[PDB]
Every structure is written in C-alpha cells, then in structure tokens.
Amino acid sequence: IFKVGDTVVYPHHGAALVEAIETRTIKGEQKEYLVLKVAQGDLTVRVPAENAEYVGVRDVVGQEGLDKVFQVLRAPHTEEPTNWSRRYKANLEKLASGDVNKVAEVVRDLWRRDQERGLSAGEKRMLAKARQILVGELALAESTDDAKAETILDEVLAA
DNA sequence: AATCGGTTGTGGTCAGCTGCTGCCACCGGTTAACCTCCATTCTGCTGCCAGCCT
C-alpha cells in the first residue's frame, strides 16, 4: 500500500513521511520495514509492512472527513463525568486511539473547559499535545500553511 | 517694660482600631477496570565440645 514519499499518519505521534523501505532480516526472513520520519520530537519510526494495520497506521482523511470533524467540533450536549480522574483517563484513551474525530472531540472539550476556567498542568499539556497533532494532520490534509492552519482552527473553534 | 505660667484659634497630623471587604493561605476529605514481601593490638565475654566421675 505504502509508497516512498507518502505522508501517512502514525497514531500517537501524528504526521509521518514514509521516506524509505528497508529489508531487514529477523529469524532468517526478509520482513521488509518502512521508515517514517515524524517531526514532533524528531524520531525515526520503523515498522514492518505486515503489522502496519495492527499498530493502526492510517492515511490522511478527505474532505468528507474535514466536514465531519467540523460538524462534531461544533456540536453541543457533551456532558462529561464530573470526576477529574475519570475525565482524564477518558480523553487520554480517546487521544491514544488515533482517530481525527476523537482528537477533535478532545480539543473541543478541553478548549471549552479552558475557556470556562483554565484547568491544570496535566490537562493543559494534554490539550497542547492533542491540538498540535490535530493542526499537523489538518495541514497534511489540505497543504494549508502551518500556523495559518492554527488560525483556521482557532477561528472554527471560536465560531 | 518684662516674666512665669494658662487659654486656645486654628490647622495639620498621625496612627489606632473598626468595620469591612475581599482574598489568600492552610488543612481535611475524596478519587471504585486491574497489578500484593528489603588496620592493628589488647582485653574481656560468651558459647562449644571433649573427658573423667557417680
């Protein structure tokens, strides 16, 4: 499926350019690896081509995905558990899934709650992580000028 | 003429509570997928085991 030069999305790290395809040997068989150059912390990720779907690597979403995530990002009736730990584990396991809709849900919930009160060290760190990978995936989805994409996200969040 | 003590017109003044009105430290209680063991030398005492005695 994957080709050299494709821009795929890794689950917990956001965008990833597939820059080469290695052919390393483990247990005497040439399981080909693909190397991904993510840029969040400048790490090179190597995965087999077989377990790409098992680890859940995923192509970027289309314009139906864009209107779907904007539709879910502008939606009310988002009642949350009042317990701080329950809420934290809930949106952490939403963030770790790798779905654009779930990441947009986490950034809209924490954005409205930060606009309300301003939460915490851990939740501001989580909102920064989630919003930066959502901005990176959006800029990958439309080739649309990083930090101007941030202004786009701020505008569609503030509405 | 002064001279040792009062009276005080009047203008600041200066901190001493007094509310008072936030507001900010400080301390207690709560959170419910699941996962169960860290150098040498001298002196004295205390415990070890064989070895004669009834």
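If the cut-off is 17 Å between C-alpha atoms, which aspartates and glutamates fall inside it for A:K89, apart from same-chain ones fewer than 8 positions away?
A:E79, A:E80, A:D99, A:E105, A:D109, A:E123
Taking the Cβ of A:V47 as the center, what net charge do the other residues with Cβ under 14 Å away carry, scoring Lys and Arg +1 and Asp and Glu -1?
Summing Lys/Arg as +1 and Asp/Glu as -1 gives -1.
Have a look at A:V35, A:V135, A:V100 and tell me which one the Gaussian network model of chain A (Cα, springs below 10 Å) gives the largest fluctuation.
Greatest mean-square fluctuation among the candidates belongs to A:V35.
How big is the dipole moment of chain A about its Cα centre under a simple scheme where the beta carbon of each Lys and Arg is +1, that of each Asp and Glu is -1, and everything else is neutral? Debye, nearest 20, please.
With only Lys, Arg, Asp and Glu charged at Cβ, the dipole is about 640 debye.
Identify all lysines with a Cα-Cα distance to A:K94 below 22 Å; exclude those on the same chain that are fewer than 8 residues away in sequence.
A:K68, A:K102, A:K124, A:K129
With springs only between Cα atoms under 10 Å apart, run a GNM on chain A and tell me which of A:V107, A:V47, A:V18 wobbles the most.
Judging by the Gaussian network model, the answer is A:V47.
Could you tally the net charge around A:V61, taking each other residue with its Cβ under 12 Å from the Cβ of A:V61, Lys/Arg +1 and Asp/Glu -1?
-4
Check the straight Cα-Cα distances from A:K148 and name the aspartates and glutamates below 18 Å, setting aside those fewer than 8 residues away within the same chain.
Cross-link targets: A:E137.
Return the single residue from A:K124, A:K94, A:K27 with maximal mean-square fluctuation; model: Gaussian network over chain A, springs between Cα atoms under 10 Å.
A:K27
Taken together, the values in this text are just the output of simple stated rules run on the coordinates, not laboratory data. Counting neighbours? That spans all protein chains shown, and the Cβs are built from the backbone with ideal geometry, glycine included.
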